Every structure is written in C-alpha cells, then in structure tokens.
Ligand SMILES: O=c1[nH]c(=O)c2nn[nH]c2[nH]1
Ligand SMILES: O=c1[nH]c(=O)c2nn[nH]c2[nH]1
Ligand SMILES: O=c1[nH]c(=O)c2nn[nH]c2[nH]1
Ligand SMILES: O=c1[nH]c(=O)c2nn[nH]c2[nH]1
Ligand code: NA
Ligand code: NA
Ligand code: NA
Ligand code: NA
Ligand SMILES: [Xe]
Ligand SMILES: [Xe]
Ligand SMILES: [Xe]
Ligand SMILES: [Xe]
Ligand SMILES: [Xe]
Ligand SMILES: [Xe]
Ligand SMILES: [Xe]
Ligand SMILES: [Xe]
C-alpha cells in the first residue's frame with residue numbers, strides 16, 4: 002500500500018480581532034472561524050512514524066493568532082492568502098496550504114439613530130466565507146461565498162409544465178410560496194501570488210456586496226418559473242458585473258410550505274385562492290444546484 | 002401508586018399564515034412553532050387504559066390550524082389566549098391549557114430603498130415567545146419573552162472587587178469584552194379571561210418593543226460593573242414603563258473572550274492595553290439570572 | 002423595584018477523570034458536564050454594584066476541578082452533594098447551591114471477547130443526569146434521571162377508543178409503530194445532609210439500573226393501549242422497587258411514523274396489513290407527561 | 002454565459018421499512034435518509050424556463066418509496082445501485098444519478114438474555130453510509146463508509162519528535178489521551194452495472210464489518226506514535242482483506258483533553274504522572290486525513 006493523498010492541520014480555530022481608532026474612539030470587531038490544512042512531503046509521518054516532518058497542529062493554531070496580530074484580517078480573501086503563503090514559504094517540505102474562513106456578523110448597533118462606537122449585534126446567522134488554496138508554483142485559487150441567507154416570498158412563484166408520468170402526483174401551480182437558504186460561491190481567476198491578490202483588494206468587498214444585492218433583488222423581482230430559472234438569472238448578472246470571476250455556483254434548497262385542506266371541518270376553505278394557513282415542512286426538501294461560467 | 006400530575010398534547014407544530022391586502026397588494030407573513038399541552042380529568046387514560054377521556058394529540062394539531070384560519074395570529078399573546086380558552090370551554094373535563102408559541106422573524110425586504118410587497122428575509126434567529134396558561138376559574142396567565150438576541154461590546158465593561166480566596170485565580174479588570182445572548186421574560190398581571198386580554202391588545206407589541214429597546218440601549222450605554230448590575234438596570238426600566246407587568250426575569254450567559262499572550266513569540270505584545278487578538282471560548286460560560294418585581 | 006430571586010454560577014463545565022488500578026493496569030474514565038448555580042445574600046451585586054458578595058464564576062469553575070481531584074466522581078448523586086455542600090459551608094452568605102450533572106457514556110471496548118484495559122466507545126447519546134439542590138438548613142434534594150434513550154417497536158401498539166368530535170380526523174388503529182425518546186426522573190426523599198447521602202451510596206447505581214431495565218422491559222412487553230397507559234406501568238414498577246423514591250416522572254415524545262398510500266401507482270398495496278414502507282415524521286410530535294407518586 | 006454543471010433532486014427523504022417473517026413472527030426494521038440528485042440534458046430548465054425536461058423532485062421522492070416497496074433495502078450498496086439505475090434507464094435525457102444513503106441504527110433489544118422479536122434501540126449515532134454514482138455508459142461507482150464512531154483511549158498514545166521552531170509551544174509527550182470520531186470510506190472498484198453489483202452482494206456487509214473491526218482493534222492495540230501513524234495501519238489492513246476495494250480514506254479529528262495545573266491551590270499535583278482530572282476542549286481540534294491505495 003501507498004499514501005495517495007494526505008492533508009492535516011487545525012480546524013475550528015475561533016479568532017476575534019478588534020481595531021481601535023485613537024482619533025474618533027470608534028472600535029470595529031471581526032470574528033472568524035478558521036481551518037488550515039497542509040500538504041507536502043509528509044508521507045513518512047504516516048508510513049514510518051516519522052514525526053520530524055510534522056508541523057504540529059498546535060503550532061498551526063499559534064500561527065493563526067500571530068498572523069492575525071500582525072496583519073489585517075479583512076477582506077478575508079487577503080487574510081487567507083497571507084496565512085496560506087506563510088506556510089508554503091516558511092517550510093521547505095510543505096507545498097500546499099488550504100485555508101477556510103467563516104466570518105460571523107457583528108453589525109454596529111444604532112442607538113437613538115446614531116451608530117454606537119463599540120456595541121454590536123449578531124443580525125442573522127448569514128456568513129461570508131472564503132476557501133483559499135495556495136499551491137507552491139501554481140499561485141492562489143480563491144473561492145468566495147455567502148451562505149445561510151434565508152428568504153421567502155409569499156407569491157410570484159410558479160411551477161408548471163414539468164414531466165408527468167406514472168411516478169407523478171404533484172399538481173401544476175401558478176401561485177406558490179418560495180423559500181430557500183442561499184449558498185452562492187464565486188470563483189476568482191487564479192492569482193500568481195500575494196502581490197497580485199493585494200492589487201485587487203478593493204474588488205473583494207465590492208463583489209461580495211454585489212453578489213448579495215443581485216441575489217436579493219432577483220429573488221424579490223423575478224416572477225419565478227422554477228428555482229432553476231431564477232437562480233440562473235442571478236448567476237448571469239454576477240458574471241456580467243465582475244470580469245475577474247470565472248464561475249458562479251448556487252446551491253439552493255426548496256423549503257416546502259404545504260396547503261392544508263380544512264374542508265372536512267364545516268366546509269372551511271383553505272386551498273388555492275383561499276389558502277391562508279400552511280404547514281412548513283422540515284423535510285424532505287428539493288435541492289437544486291448549478292454552476293454557470295463564461296461561453 | 003397515584004397520578005400526581007399529568008399533561009399531554011402536541012409539540013413542534015409549525016404554522017405559517019399570510020395576510021393579503023386586496024387594496025394595496027401588500028402581503029404580510031407570520032410563522033410560528035406551537036405547543037399545546039392539556040390537563041384535566043384524564044387520570045384514567047393512564048391507570049385504566051381509558052382512552053375515552055383523550056382528545057387525540059392529532060386533533061389538537063387540527064385545532065391549531067383551524068384556530069389560526071379563523072382568528073388573527075398576532076399579537077401572539079392574543080392568539081395563545083384564544084387557543085387555550087378554546088380547549089377549556091369546548092371540553093368539560095379539560096381544566097387547563099398550556100400554550101407555548103415561538104415566533105420566527107420574516108422581515109420585509111427593502112429593494113432599492115422601497116419596502117417589497119411580498120418578499121421577506123430571516124434577519125437573525127432572535128425569537129419572540131409567549132407562554133399562556135389558561136386555567137378554568139383562575140383566568141389567563143401570560144409570560145412574554147424575547148430570546149436569542151446576541152450582542153457584544155468591545156470595551157466599557159469592568160469586573161473588579163469580587164471575593165478573593167484560595168479558590169480564586171481570576172484577575173481584576175477595568176476593561177474587558179462583554180458578550181451575551183439575551184433571554185428576557187416579562188410576566189403580565191393575571192387576566193380574568195379573553196375579554197380582558199382583548200382590551201389590552203395594543204400593549205403587547207408596544208411592550209415587546211420597549212423591552213427590546215431598553216435592553217439594547219442599556220447594554221450599549223452602561224459602563225458595566227458586572228452582568229448582575231447591568232441586567233438589573235434593564236429590568237428596572239421595563240417595570241417603570243409598563244404598569245401591567247408584575248415581574249421581569251433575565252437569564253444571561255457570560256460568553257468569555259480570553260486574551261492570548263503572544264510574548265513567547267519575539268516579545269509580541271497582545272495583553273492588557275495592547276490586546277487586539279482574542280480567543281472566543283465556546284465553554285464553560287458564566288450564567289447569571291435575576292427576577293425583579295415591584296416593592 | 003426589588004430583587005425577588007437571583008442565582009448565578011458557571012454552566013457547561015466539561016470534566017474528565019481517570020482512575021488507574023496499579024495492580025491490574027485497568028483504567029476507568031468518567032466524563033461529565035457540570036453546572037453550579039448559587040443563591041444567598043447577593044442582592045447588592047445587582048442593586049448597588051457591590052461585587053464583594055460575588056464568588057466569581059471563574060472560581061466556581063476552579064472549585065469543580067479541585068473537588069473532582071479530591072473526591073470520587075461516582076455515583077454522580079454523591080459527587081453533586083459534595084460539590085453543593087462545599088459552597089454553602091465555605092461561604093457564610095451563600096445559602097443554596099444547585100448542581101446539575103450530565104454523565105456521558107464511555108463504555109469499555111471488547112476486543113476479541115475480552116474487556117480492554119484502557120479503550121472506550123461512546124455507545125449512544127443516552128445520558129445519566131442528576132439535579133442536586135443543597136439548601137442551608139433544609140438538607141439535600143436529589144433528582145436522578147436518564148434521558149436520550151431512543152426506542153422503537155414495530156407492532157404491539159394500539160390506539161383506539163379516543164374522543165371523536167368535529168376536530169377529529171385520526172383513524173382508530175389496532176397495530177401501529179411506537180417510537181419515543183425516554184426522559185425519566187426519580188425524586189429521592191429529602192436527605193438531612195452529606196452523612197445521610199453517603200449511607201445510601203449503593204442505592205444510586207442500583208436504582209438507575211432498575212429504572213433503565215424496567216423501562217426497556219415494559220416497553221418491549223406491553224401490548225400498549227396508549228403511551229399514557231404504558232408509561233404508567235413503568236413508573237408503578239420503579240416505585241415498587243425502591244422505597245426511598247418519592248415520585249417518578251416520565252416525559253415522552255410520540256415520534257410518528259406515517260403509512261404511505263401507494264395505490265395511485267399501479268394499485269400497489271402499502272396500507273393496513275400490507276404496510277411495509279413508512280414515512281418517519283420529524284414534526285409535529287405528541288408529548289405525554291406524567292408524575293406518579295405514592296397513595 | 003453557459004451552464005457548466007447542474008444537478009438537482011430531493012434531499013432528506015426519511016424512509017422506514019419493516020420485514021415480517023410469517024413463520025417465526027420476528028420483525029426487522031431499517032431506517033435511512035436518502036438523497037437523489039440527477040444530471041443530464043436539463044440545461045434548458047435553467048436558461049429557457051423549459052420545465053418539460055424536469056422530473057419533479059416530488060416525483061423523485063415518490064420513486065424512492067416505490068423502489069423501497071418493491072426491492073430489498075439492504076445492503077444499502079445494492080439499494081442505492083437499484084435506485085440510481087432506475088433513473089438513467091427510465092428517462093432518456095437523464096444520464097447520471099447520484100444517490101447518498103445514511104443508515105440509522107435500530108439494534109434488536111435483548112430482554113432477559115433473549116432477542117426480542119419486534120423491539121429496537123438506537124445504540125449510538127454511528128451511521129453506515131453509501132454514495133452511489135450511476136453514470137450512463139460508465140457503470141456504477143460506490144463509496145461505502147462508517148461515520149460518527151466516537152472512541153477514546155486513556156493511555157498508550159504518544160506524540161514526540163515533531164518539528165520545533167519559533168511558532169512551537171507544544172511539549173513532547175509519551176503518555177496522552179487520544180480521542181476521535183472516526184469517518185472511514187472505502188471505494189469499490191467500478192462495477193459494469195447492476196448484474197455485477199448483485200454478484201458481489203455478500204461482500205458489502207462483510208467488508209463493513211471488517212472495516213469496523215479493524216478500526217476498533219487497531220485503535221485499542223496500537224501504541225500510537227501519532228494519529229497519522231495509527232490511521233495508516235488501519236487503512237493498510239482493510240486493503241489487505243478486500244481485493245475489490247481500491248482506496249481507503251480516513252478523516253479523523255484529534256479531540257483534545259488538556260491537563261489542568263492545580264499546583265496554585267495548596268500544591269495540589271495534577272500534571273504528568275499525577276494527572277487525573279482533565280479539561281475536554283470543544284475547539285479547536287486537529288484534523289488529520291489520508292487516502293491509502295495500492296502500490
Ligand atoms: O422550482 C422547482 N424546481 C423543481 O425542480 C421542482 N420539483 N418539484 N417542485 C419543484 N420546484
Ligand atoms: O460580570 C460578571 N459577573 C460575575 O459574576 C463573574 N464571575 N466571573 N466573571 C464575572 N463577570
Ligand atoms: O398513545 C397515544 N396517546 C395519545 O394521547 C395520542 N393522540 N394521538 N395519538 C396518540 N397516541
Ligand atoms: O497525533 C497528532 N498528530 C499531529 O499532527 C499533531 N499536532 N499536534 N498534536 C498532534 N497529534
Ligand atoms: Na514550501
Ligand atoms: Na373545561
Ligand atoms: Na452558607
Ligand atoms: Na438515461
Ligand atoms: Xe479575526
Ligand atoms: Xe430561487
Ligand atoms: Xe402563524
Ligand atoms: Xe449584560
Ligand atoms: Xe468527571
Ligand atoms: Xe411508551
Ligand atoms: Xe428503509
Ligand atoms: Xe487514531
């Protein structure tokens with residue numbers, strides 16, 4: 002037998018950083034969860050019990066805190082590239098670093114219409130994420146994403162004209178609820194190294210904001226023919242607005258809300274045009290994915 | 002042996018209701034999770050296998066949907082009182098109904114600065130809850146609450162002057178992070194029945210909004226001497242603003258963020274006045290509770 | 002305003018202890034999660050910012066580890082009583098301690114039919130719990146429990162003869178699946194103090210084992226007329242076997258498995274006597290409770 | 002823009018099936034959670050709102066229940082291959098089916114030393130899983146796995162001789178706790194179609210059992226030099242015992258238990274050879290992966 006692939010590192014490293022403006026007294030906080038996995042010439046730790054090749058996962062954890070102390074942590078695409086580059090440059094035998102970052106929301110509170118200098122609220126479990134793969138001699142590959150964005154529209158969603166055969170019971174509809182949790186990922190063109198990533202720094206926050214805005218607007222305004230058709234419209238617009246993105250992927254659950262027929266009880270009308278009370282279904286759920294690129 | 006207490010019913014009943022304004026085309030959604038447990042003369046179902054006394058939990062579920070179809074579901078204090086009253090009035094042998102409601106957030110989206118007529122976003126897992134106990138001949142007891150409100154302040158929290166003995170290692174501090182998940186409950190004076198609850202309907206939403214506002218403002222503005230001292234200030238203000246509340250209870254975790262000493266690495270300074278990077282701790286956590294009433 | 006009630010302390014304190022037999026080389030591990038909340042003359046920490054009355058929650062955490070170092074941690078009823086007594090005896094102004102312990106399973110592995118001296122497996126998320134309330138001048142109140150015991154029987158459960166009215170759609174049945182997660186609590190007679198708790202030490206493990214055995218046997222053997230009727234039989238037997246128990250409480254979800262009518266597809270028969278494939282329902286669920294005591 | 006990849010289907014489909022032996026009266030239950038995602042000529046549903054190409058996800062759900070009614074559901078490798086083959090054979094324009102199955106444990110109860118005919122217990126959240134990819138003209142690729150197997154050993158684990166530099170604080174050790182949650186996957190050689198899968202049916206359960214046995218024995222008996230070294234020994238043995246497996250992958254968290262220095266309190270000794278009480282750490286955790294194949 003032989004080692005075909007191996008990677009190891011530290012997962013679930015929680016980090017908080019605060020920035021204090023001495024002039025204004027305004028403080029800004031960042032909180033993330035980080036995972037770093039390394040690859041390289043490490044097979045002998047598996048096959049020969051040779052620990053000399055192992056950068057201890059405890060040391061990886063230390064390195065994350067040290068790097069956060071000495072560098073900006075925003076945008077996360079920059080921080081992840083700095084962190085990944087460190088490992089491949091510092092250790093001769095490590096040839097790839099894989100960095101995943103989840104950014105948690107701490108939104109500045111408004112108290113009496115004014116932004117508070119040092120108090121924050123977690124407004125939703127929506128996350129902004131990055132996956133950064135730093136590979137020695139092959140540059141830096143970055144995938145950025147938003148996830149946990151949960152939305153619902155109460156009308157202007159349809160689903161009719163699908164295949165009907167002996168396995169089909171679903172009725173065609175011209176008016177239904179549509180609800181999903183959005184997971185959207187945009188993949189950047191490959192970067193040659195940290196200098197190139199630094200030159201594009203302003204594009205990271207702007208593209209995140211655009212992806213979010215396009216997602217919300219298209220969801221709210223599209224008279225949706227299916228999840229498939231609506232998500233394609235979102236991905237098309239994002240690609241049109243940022244030339245440095247190569248692909249956009251969406252992964253969308255279809256979270257079903259079922260009509261409840263109440264006619265058995267005193268002829269009460271609660272279906273079709275009379276539907277007011279619905280039963281949200283915890284499971285099963287549709288799951289629809291698509292990756293859109295440039296033609 | 003003998004039955005000392007018994008209650009039974011349906012838990013985890015998810016309900017969605019939509020309201021459609023025909024004039025404006027504006028739609029508003031409500032989504033809740035409901036639990037109803039009944040008590041009364043039901044001992045024989047336990048001791049004698051006498052099912053004749055059991056209102057099936059499946060029937061309780063039906064009743065929830067029917068009641069939501071025929072009545073407003075907001076404010077939840079009103080809906081819960083209607084639902085509880087139904088069971089004690091309809092069934093001679095049922096003498097108490099216990100209704101718990103969790104309200105989930107569906108906040109209307111703003112698209113291009115305008116409120117959208119039928120699209121919504123889940124902005125945070127914060128909940129608004131009610132517990133309604135309807136007891137035949139003893140009226141209606143309502144506890145209202147907010148929970149899952151997660152906040153953090155990066156300075157203006159202190160903790161010094163606590164008891165020090167041979168079990169104490171904690172250092173006194175004049176500047177720390179304070180972060181918690183707020184659970185706050187206000188208990189209404191007892192109501193004689195549904196007519197009285199209906200007469201106070203406008204106070205329910207207003208008091209929820211006040212409790213929330215007071216919580217956020219006090220948290221952000223108090224130069225906090227301890228969780229204990231700050232939470233007391235919150236409860237005191239809520240009681241001052243709503244005479245129909247008898248008690249306010251807060252239950253607050255103290256979610257610790259620890260300094261990381263980096264001086265072992267090239268004398269890097271990251272403690273006290275130089276602290277920028279911190280380690281959020283998942284566990285253990287302080288837990289501080291208090292119930293404040295009128296003197 | 003005035004403080005009507007207050008308690009504070011440390012929650013989610015994870016503790017592991019190992020015992021090593023020097024003779025046999027056999028090691029035994031215990032792992033728990035502990036919460037300690039204190040009450041007493043502490044109102045001024047809330048009303049006056051007087052921290053002098055506060056035993057820091059960090060110190061409570063230290064005390065848990067120290068107590069675990071110097072005392073047995075099994076049975077958990079004994080450990081919790083030791084821990085609670087410590088706080089009310091050590092601090093003049095603290096008059097009650099409330100200790101909750103969750104014990105996690107680490108079951109010794111069998112390798113080639115022999116018990117391994119130092120390797121363990123987590124066989125199920127079933128827990129053994131205690132709640133110990135130590136109140137100065139009123140002794141020690143202990144509630145012991147098992148929870149997270151998930152069982153299912155595929156036949157020999159019935160449910161017929163329940164109340165039928167205009168809210169009822171549920172069909173009577175003489176053969177259904179019954180599945181639940183068992184939460185069972187037995188409350189001990191009040192103990193005068195630690196000496197009395199120590200005198201009953203052998204009864205704690207034996208009663209836990211009896212409660213578990215009775216639960217499983219009765220579930221498997223009862224031709225069940227309802228959850229209500231079966232759970233009563235369990236509680237009755239436990240009370241008969243241990244005179245020092247005052248009450249037994251069960252809290253049982255009814256986790257529904259629904260028939261799926263497939264007759265729309267080529268007349269396929271999958272209901273009643275022909276039912277083979279079922280749809281487990283995540284929600285809603287019945288919830289049935291009862292507290293049984295001595296007559 | 003263009004669709005580069007697309008797949009869609011139904012996730013979280015819970016299924017229960019019971020088998021009844023008429024002779025013995027013995028019943029056996031199976032419970033699974035299933036996900037089916039389809040690929041093929043479906044781009045136009047995304048780009049042109051052409052629903053005619055969509056097999057509704059609701060119909061996929063129906064098909065799962067129908068297939069479970071008409072076929073054995075065990076071993077899951079066989080069931081998944083049947084289900085995947087159905088979709089690519091039934092629909093001309095669907096060319097790949099991806100089936101994921103999670104099998105939940107329902108272990109027959111022993112009551113008074115005898116196996117009960119129809120009562121079951123969930124002994125642990127350990128799962129047996131399959132991923133089946135059925136691709137038209139390319140056969141059937143099956144990955145089998147076990148996951149959620151949580152183990153701990155209290156001694157006979159070491160970790161010394163790792164790289165030490167200016168980022169390293171971790172002390173070398175010759176005696177530590179080792180605890181992990183095992184995720185192990187074995188990938189079968191490609192099968193030409195359903196006939197070939199059926200010819201190997203007895204190997205599926207036997208190989209699962211071998212993978213489990215090897216994992217537990219090696220964990221318990223290896224005087225472990227690192228997670229890396231121990232996991233390699235496991236994978237090597239599995240490959241030696243089943244020639245039809247091409248690769249074995251393990252993914253293992255290192256769940257840390259930290260010593261607690263208590264010497265600040267009355268010189269209490271709780272480190273090194275005197276360590277008895279430890280603090281389990283919820284996060285961060287090491288994460289170690291390896292894929293082993295044949296040389
Ligand atoms: O938008 C939808 N897309 C689908 O593929 C589907 N299948 N059922 N309902 C559905 N809705
Ligand atoms: O605000 C606090 N209250 C407390 O009781 C405490 N104990 N440790 N840190 C603390 N902080
Ligand atoms: O055992 C049961 N008890 C109940 O109270 C009930 N209500 N519906 N089904 C039920 N089953
Ligand atoms: O077994 C281990 N492997 C590792 O790579 C490691 N790093 N720190 N501790 C460790 N333990
Ligand atoms: Na390198
Ligand atoms: Na009544
Ligand atoms: Na005392
Ligand atoms: Na096909
Ligand atoms: Xe951070
Ligand atoms: Xe969508
Ligand atoms: Xe609702
Ligand atoms: Xe607070
Ligand atoms: Xe312990
Ligand atoms: Xe039961
Ligand atoms: Xe199944
Ligand atoms: Xe391991």
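Residue numbers (the numbering used here), protein chains in the order written: chain A, 2 to 296; chain B, 2 to 296; chain C, 2 to 296; chain D, 2 to 296. No residue lacks a Cβ here, since even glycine has one placed at the ideal position from N, Cα and C.
Outcome for residue i when other beta-carbon atoms lying within 10 angstroms are tallied against a minimum of 16
i                      : result
residue 71 of chain B  : exposed
residue 202 of chain C : exposed
residue 245 of chain D : exposed
residue 196 of chain D : exposed
residue 231 of chain A : buried
residue 119 of chain A : buried
residue 199 of chain D : exposed
residue 193 of chain C : exposed
residue 116 of chain B : exposed
residue 10 of chain C  : buried
residue 108 of chain C : exposed
residue 88 of chain B  : buried
residue 26 of chain C  : exposed
residue 285 of chain C : buried
residue 77 of chain C  : buried
residue 224 of chain A : exposed
residue 73 of chain C  : exposed
residue 270 of chain D : exposed
residue 257 of chain A : buried
Inter-residue CB distance, residue i and residue j (contact presumed, cutoff 8 angstroms)
i                      : j                      : result
residue 152 of chain D : residue 125 of chain D : 11 angstroms between Cβ atoms; not a contact.
residue 161 of chain D : residue 169 of chain D : With 8 angstroms as the limit, residue 161 of chain D and residue 169 of chain D do not qualify as a contact, their Cβ atoms being about 13 angstroms apart.
residue 3 of chain C   : residue 40 of chain C  : That pair is no contact at about 16 angstroms.
residue 287 of chain C : residue 228 of chain C : 7 angstroms
residue 290 of chain B : residue 220 of chain B : Not confirmed; about 17 angstroms, so no contact.
Residue i - partner residues in DSSP beta bridges
i                      : result
residue 120 of chain C : D:154
residue 302 of chain C : Outside the shown range of chain C, which is 2 to 296, sits residue 302 of chain C, and nothing can be said about it.
residue 259 of chain B : B:280
residue 109 of chain A : A:121
residue 210 of chain B : Paired residue(s): none; residue 210 of chain B is not in a bridge.
residue 252 of chain A : A:184 and A:290
residue 101 of chain A : A:36 and A:132
residue 143 of chain A : A:133
* Around ligand 9, what residues have a beta-carbon under 5 angstroms from a heavy atom of it, in chain order? -> Shown in chain order are the residues whose CB sits closer than 5 angstroms to a heavy atom of ligand 9: A:16, A:18, A:31, A:33 and A:74.
* Please specify which runs of the alpha helix (DSSP H), each continuous and at least 4 residues long, are wholly inside the segment 158-208 of chain B, giving them in chain order. => Qualifying alpha helix (DSSP H) stretches, in chain order: 195-200.
* Residues passing the C-beta test against ligand 12 heavy atoms, cut-off 7 angstroms -> That query returns the following residues: B:179, B:181, B:220, B:225, B:228, B:231, B:232 and B:253.
* Let me have the residue list for ligand 6: C-beta closer than 7 angstroms to any non-hydrogen atom, ordered along the chain. => Those satisfying the condition are, in chain order, B:41, B:89, B:90, B:92, B:93, B:94, B:95, B:96 and B:137.
* Mind pulling the beta strand (DSSP E) runs of 3 or more residues that sit fully within the segment 4-80 of chain D? -> Contiguous beta strand (DSSP E) elements confined to the segment 4-80 of chain D occur at 28-41, taking only those with 3 or more residues.
* To do: Identify every run of the alpha helix (DSSP H) within the segment 214-248 of chain B, keeping only runs that are complete inside it and at least 4 residues long; order them along the chain.
  => You should have 228-242.
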